[PDB]
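Below, all heavy atoms of this structure are taken into account, side chains as well, without hydrogens, waters or symmetry copies. In what follows, every chain begins at residue 1, and chains take the letters A, B, ... in the order their sequences are listed.
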There are 2 protein chains.
Amino acid sequence: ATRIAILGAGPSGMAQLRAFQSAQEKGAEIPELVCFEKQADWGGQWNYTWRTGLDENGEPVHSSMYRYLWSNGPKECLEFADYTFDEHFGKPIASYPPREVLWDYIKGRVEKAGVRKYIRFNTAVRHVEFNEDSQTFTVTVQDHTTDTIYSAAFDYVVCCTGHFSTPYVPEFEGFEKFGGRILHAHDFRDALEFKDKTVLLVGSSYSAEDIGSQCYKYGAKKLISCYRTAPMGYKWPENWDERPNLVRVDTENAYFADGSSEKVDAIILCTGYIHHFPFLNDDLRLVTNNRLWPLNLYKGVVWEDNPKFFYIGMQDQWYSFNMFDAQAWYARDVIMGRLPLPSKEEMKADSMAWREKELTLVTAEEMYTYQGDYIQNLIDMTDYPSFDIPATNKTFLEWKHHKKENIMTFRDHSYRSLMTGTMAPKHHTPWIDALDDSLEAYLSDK
Amino acid sequence: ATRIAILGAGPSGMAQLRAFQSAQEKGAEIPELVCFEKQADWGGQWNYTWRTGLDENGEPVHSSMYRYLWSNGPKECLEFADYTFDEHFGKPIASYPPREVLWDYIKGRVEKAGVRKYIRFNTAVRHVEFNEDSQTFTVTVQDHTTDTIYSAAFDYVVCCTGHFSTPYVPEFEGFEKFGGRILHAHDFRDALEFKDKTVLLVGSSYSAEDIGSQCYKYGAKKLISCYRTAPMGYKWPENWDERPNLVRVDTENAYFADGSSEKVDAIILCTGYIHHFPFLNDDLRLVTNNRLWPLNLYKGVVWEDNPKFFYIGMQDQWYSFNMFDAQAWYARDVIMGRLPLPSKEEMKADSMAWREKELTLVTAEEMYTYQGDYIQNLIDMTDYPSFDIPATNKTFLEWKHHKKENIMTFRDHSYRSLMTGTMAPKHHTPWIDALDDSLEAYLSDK
Ligand SMILES: Cc1cc2nc3c(=O)[nH]c(=O)nc-3n(C[C@H](O)[C@H](O)[C@H](O)COP(=O)(O)OP(=O)(O)OC[C@H]3O[C@@H](n4cnc5c(N)ncnc54)[C@H](O)[C@@H]3O)c2cc1C
Ligand SMILES: Cc1cc2nc3c(=O)[nH]c(=O)nc-3n(C[C@H](O)[C@H](O)[C@H](O)COP(=O)(O)OP(=O)(O)OC[C@H]3O[C@@H](n4cnc5c(N)ncnc54)[C@H](O)[C@@H]3O)c2cc1C
Ligand SMILES: CC(=O)c1ccc[n+]([C@@H]2O[C@@H](COP(=O)([O-])OP(=O)(O)OC[C@@H]3O[C@@H](n4cnc5c(N)ncnc54)[C@H](OP(=O)(O)O)[C@@H]3O)[C@@H](O)[C@H]2O)c1
Ligand SMILES: CC(=O)c1ccc[n+]([C@@H]2O[C@@H](COP(=O)([O-])OP(=O)(O)OC[C@@H]3O[C@@H](n4cnc5c(N)ncnc54)[C@H](OP(=O)(O)O)[C@@H]3O)[C@@H](O)[C@H]2O)c1
């Protein structure tokens with residue numbers, strides 16, 4: 001009786017469970033499933049917590065999400081092909097929902113699927129070891145409800161623990177004497193903490209854009225963004241400027257490669273994350289920077305040194321929810337014997353060709369399109385519903401232009417669903433004025 | 001060739017190395033020693049970092065220490081019996097040195113001992129397993145310098161990883177709505193971050209007393225302390241009050257079991273720590289609250305279910321540095337065969353009698369005196385130099401009275417060394433006015 005361990009109940013682990021349940025619903029015999037989740041509820045990043053650093057059990061706090069976060073790209077680019085926004089909400093809604101709204105949506109699918117029963121919440125995965133003599137994995141966990149550590153044997157293991165939770169936090173000279181708060185983006189919670197302050201944001205990617213936008217929207221006095229290689233380059237509001245990189249700090253001031261200098265109240269390092277798996281030894285352990293094509297993953301999913309071990313969602317993410325689906329459906333089919341694996345040599349050659357293409361990429365359009373091609377290849381192999389990928393790529397193109405037009409109003413635009421054709425209505429309140437982030441305020445009138 | 005693993009190079013792991021080195025200096029053959037330390041330098045808590053949450057490798061940040069921290073008790077109560085303050089500094093100093101000064105002192109002893117060579121820095125212990133078949137331990141670590149995970153075999157393991165680093169962080173109704181910073185004492189770094197703010201401190205023990213004192217000294221507008229059981233009782237300054245526990249928080253305000261309420265800018269949970277050992281399964285893992293006599297430790301040191309495993313410094317700490325010495329010398333002597341262990345039944349009965357006495361303790365004096373008795377029993381069994389414990393107890397008595405007299409000036413008093421007899425002079429600057437926490441300002445004549 002074959003047995004599967006799924007590590008994590010975020011979007012990826014939820015998709016993995018959904019994938020199996022869907023095969024079962026069609027009448028197939030499926031493996032026994034156990035899913036381990038260290039948090040008290042599913043949803044992963046989208047499960048908000050006020051906690052910071054270490055959680056109530058002493059495990060690293062997982063979510064990096066903050067008050068007032070809304071979708072960074074069109075919801076239409078992340079809609080599940082087997083569970084639409086229309087089905088879930090019963091009505092059209094706008095295109096960039098707040099966190100709690102997206103959280104409600106991803107949970108809706110697995111509530112309907114009835115797969116909560118497979119999950120052991122409040123349980124941290126400590127160790128995964130492969131045993132050569134038995135060809136099984138031993139998974140060791142800590143159940144923080146009973147405060148006991150136990151282990152169990154599995155035939156296959158699917159790792160869904162994310163890669164945007166363990167921060168990359170570089171040091172700058174003087175940090176030990178600066179008098180204001182220093183935090184990583186991962187620790188950022190309520191933008192109101194910085195009302196009427198001067199905030200320095202170190203970095204120039206999605207985290208800097210959006211955390212600065214929150215500080216702006218909720219009333220920071222002044223924002224400074226500094227970049228290591230090139231500026232974000234958007235037209236920012238009046239109280240926000242982009243400088244070349246921080247070089248040092250003193251008691252109160254930041255100094256930049258500019259020769260400029262000024263007083264700053266708080267420093268937020270928006271400097272990204274590391275791939276970190278403390279429960280894996282080197283035989284199973286993925287080591288990569290954040291990118292579209294990590295190596296050693298056949299079809300981006302199958303660990304090439306031991307193809308009884310799988311990874312979901314370890315790539316950088318233009319696409320997200322329906323990419324995890326495409327991967328989870330594929331992992332499922334491999335595990336079930338529907339898609340036999342080629343030799344290790346063929347895997348290696350295939351992965352090298354995908355890496356060669358990855359190194360070629362220059363524009364944003366080339367990047368999301370490459371990821372669409374990856375997804376296309378996955379959904380063609382499986383009964384996951386095909387959806388219109390070139391039309392999703394075109395939605396990304398529109399979104400890109402909207403950001404360039406005006407970085408503060410991109411969230412005020414609407415797109416059509418590629419699953420239903422339903423056009424998103426305009427939201428009742430422009431983003432800059434929509435201060436309440438609750439699901440109730442978003443879905444109600446006003 | 002017998003082999004020992006020492007887990008941690010704070011004061012306890014340094015003492016364990018010092019104990020073995022001292023035996024060797026006297027002419028004995030010692031085992032091979034390997035010490036693993038996840039930080040880049042030794043000193044444990046006393047090694048200051050600006051970092052918070054997770055460290056540069058993604059390991060939990062260890063030190064809970066903050067800017068401007070000074071010794072909480074007389075230095076005379078923590079003086080090494082084999083390496084005096086007079087030897088280290090070459091002159092008298094006042095009785096409550098700043099963190100950097102005490103760090104320099106603890107490093108001084110192990111610099112002189114030459115024990116740096118046994119330590120692998122930037123290396124995090126992941127797992128310790130005991131193999132019944134070989135009667136050895138397998139220690140698996142991650143070397144963050146080479147990003148390599150490897151394991152090695154040991155005959156004995158001494159755990160020195162501390163118990164004041166994994167926070168106990170209780171949740172209060174409304175924390176997910178509150179607009180200012182919420183942090184644990186463990187994340188507290190520079191008190192200047194709170195200058196001109198209203199700060200609520202949840203708790204009523206050493207962390208609350210001292211973090212409040214720092215916020216006060218460096219210019220917080222207003223301080224509130226709230227207690228769960230009973231108030232700290234000291235006479236606080238004008239802008240600081242104590243009241244019954246927090247019950248809930250909204251967007252801007254804290255509400256107390258009082259019926260009282262007010263606007264607060266930051267909340268600091270001074271609610272203590274948990275014993276947390278993510279690298280130990282239940283066969284080896286100590287489970288206890290913070291107290292003078294944890295169970296399952298023969299002489300407070302030998303793990304009773306597997307007496308080839310040892311714990312140093314897991315008790316609550318009135319005494320500290322020379323308690324770790326007493327423990328480390330004892331662990332050393334059992335490892336080397338100088339002090340054969342009694343049967344498991346005898347160990348149990350001994351530990352029970354120590355626990356029975358512990359539950360008897362009511363006053364502060366009874367508590368440090370019991371810990372003095374514990375230490376006496378250890379140093380009598382070993383060649384650690386005897387020192388005057390009743391005279392150390394009388395120094396605690398004076399310190400207690402000084403705190404009762406005035407909680408803001410207790411650090412301005414001086415005591416005599418029980419090791420050398422020499423009186424500590426008065427510091428050049430009253431604590432409230434000594435804003436500079438550097439070693440250089442402290443040791444200078446002005
Ligand atoms: C700040 C931020 C904003 C984002 N915004 C968007 C957005 O607007 N749109 C979008 O499409 N994507 C966004 N993302 C991307 C995000 O990666 C995905 O949307 C999605 O959350 C990834 O799903 P996942 O399940 O792979 O990983 P995660 O959501 O990270 O979930 C991993 C799960 O693994 C669990 N886990 C980890 N370690 C252990 C362990 N040792 N034991 C047991 N359980 C463990 C965690 O508790 C968590 O539940 C954002 C990410 C961040 C960090
Ligand atoms: C805020 C605060 C203030 C204090 N003030 C005083 C004071 O004024 N006077 C006093 O006498 N005592 C004070 N203490 C008490 C403190 O417990 C002791 O002084 C002393 O530091 C205990 O030493 P230790 O080596 O047992 O533990 P620690 O100092 O905590 O050191 C443990 C070592 O283990 C390492 N480690 C942990 N986990 C791993 C791992 N998995 N792998 C590898 N290495 C690991 C850590 O990096 C660390 O170096 C204070 C404690 C705190 C928290
Ligand atoms: C479709 C869409 O909306 C989309 C597409 C992709 C990703 N995402 C989102 O983006 C992700 C989140 O993205 P992220 O911004 O958290 O992290 P990254 O993007 O990896 O880069 C931060 C990096 O930080 C900077 N940095 C690193 N070290 C630095 C240093 N020493 N000094 C100054 N800056 C430093 C880097 O600059 P440099 O390396 O010099 O440029 C780079 O800007 C996820 O949340 C995902 O959801 C969304
Ligand atoms: C000789 C000497 O100087 C000495 C002696 C011992 C310790 N220390 C130092 O003190 C240590 C550090 O001591 P610490 O204050 O960090 O931790 P503890 O003392 O364990 O208690 C915090 C606890 O927090 C309170 N608390 C817990 N949950 C609460 C809740 N839900 N609401 C309100 N309050 C709550 C407890 O109240 P309650 O439980 O209700 O009282 C108690 O006050 C170390 O730094 C050590 O160096 C020094």
Check each atom of [X] against the heavy atoms of chain B and say whether the ones under 4.5 Å are side chain, backbone, both or neither.
| X | value |
| --- | --- |
| A:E252 | neither |
| A:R181 | both |
| A:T140 | side chain |
| A:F178 | backbone |

Which residue out of [options] racks up the most heavy-atom pairs below 4.5 Å with chain B?
| options | result |
| --- | --- |
| A:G180, A:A266, A:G179 | A:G179 |
| A:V287, A:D55, A:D147 | A:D147 |
| A:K195, A:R67, A:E59 | A:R67 |
| A:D265, A:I274, A:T251, A:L192 | A:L192 |

Q) With no hydrogens and no angle check, is any side-chain donor or acceptor of B:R126 less than 3.5 Å from a backbone partner on A:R126? A) no

Q. Of all the residues in residues 36-44 of chain B, which have a heavy atom that comes within less than 4.5 Å of a heavy atom in chain A?
A.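 Hits under 4.5 Å: none found.
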
Q: Could you check if a side-chain atom of A:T52 sits within less than 4.5 angstrom of a side-chain atom of B:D187, using non-hydrogen atoms only?
A: yes

Q: Indicate yes or no: at least one non-hydrogen side-chain atom of B:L54 is less than 4.5 angstrom from one of A:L54.
A: yes

Q: Taking ring pair (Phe, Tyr, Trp, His ring centres under 6.0 Å) as the test, write out the residues that go with A:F154, two or more places apart.
A: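 Expected list: none.
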
Q.
Test of understanding: with ring pair (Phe, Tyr, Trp, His ring centres under 6.0 Å), list the residues that count as partners of A:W50, not counting sequence neighbours.
A. B:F175

Q) How long is the span from the CD atom in B:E129 to the CD atom in A:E129, to the nearest 0.5 Å? A) 5.5 Å

Q. Among B:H127, B:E171, B:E56, which has the most heavy-atom pairs under 4.5 Å with chain A?
A.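 Highest number of pairs under 4.5 Å: B:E171.
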
With a cut-off of 3.5 Å and sequence neighbours excluded, list every side-chain donor-acceptor pair involving residues 275-282 of chain A.
| residue | atom | partner | partner atom | Å |
| --- | --- | --- | --- | --- |
| A:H275 | NE2 | A:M314 | O | 3.0 |
| A:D282 | OD1 | A:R285 | NH1 | 2.7 |
| A:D282 | OD2 | B:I149 | N | 3.1 |

Q: Inspect the surroundings of CG in B:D133 and state if more than 12 heavy atoms from other residues, nucleotides or ligands are less than 6.0 Å away.
A: no

